[PDB]
Every structure is written in structure tokens, then in C-alpha cells.
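In case it helps, the deposited numbering puts the sequence shown at residues 1 to 56.
The beta-carbon is built from N, C-alpha and C at its ideal position, and this holds for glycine as well.
Input: a single structure, listed below in C-alpha cells.
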Amino acid sequence: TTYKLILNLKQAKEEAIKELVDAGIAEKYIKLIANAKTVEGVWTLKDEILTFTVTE
């Protein structure tokens, strides 16, 4: 419906949960995503909050 409905925060944060749940860090960030409110952010905060926990 409509040509202006590009939202997927439910999954952006869900995947993000696993991101922080696996990275085990400041759960606080898990709230910025778990709480959504900013689909674009949910995906950014996730990829970002993970970037702060990469010791590859």
C-alpha cells in the first residue's frame, strides 16, 4: 500500500538485540534499539553500538 512505507525497525532492533546480546555490552544501547522510535537509528545504533565492541 502506498509508495511511501519503508519501515523495518521491528527487525532492525530484533537483529540488533542479537547484536548486543552476542556482543554483551552496554545494554543501554539495547534500549535505544529495543525502544525503536527511530527506524533509521535502530539500524544505525545497532551497527554502531556493535562497532564499539569489535576485537576481531
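Anticipated Cβ contact below 8 Å, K13 with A26, distance rounded: In the sequence shown, the residue the question calls residue 13 occupies position 13. In the sequence shown, the residue the question calls residue 26 occupies position 26. Wrong, their Cβ atoms sit about 15 Å apart, outside the cutoff.
Straight-line Cα distance separating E56 from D47: For this step, residue 47 is matched to residue 47 along the sequence shown. For this step, residue 56 is matched to residue 56 along the sequence shown. Their backbone Cα atoms lie some 15 Å apart in a straight line.
Contacting residues, own chain, Cβ-Cβ under 6 Å from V42 (five flanking each side not counted): Indexing the sequence shown from 1 puts residue 42 at position 42. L9, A12, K13, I33, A36, listed in sequence order.
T51, enclosing alpha helix (DSSP H) - first and last residue: For the purposes of this step, residue 51 is taken as residue 51 along the sequence shown, with counting starting at 1. 39–51 is the span of the alpha helix (DSSP H), which, as asked, contains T51.
Span of the alpha helix (DSSP H), counted from its first residue to its last, around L7: Here residue 7 refers to the residue found at position 7 of the sequence shown. Per DSSP, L7 belongs to no alpha helix (DSSP H) and is neither H nor E.
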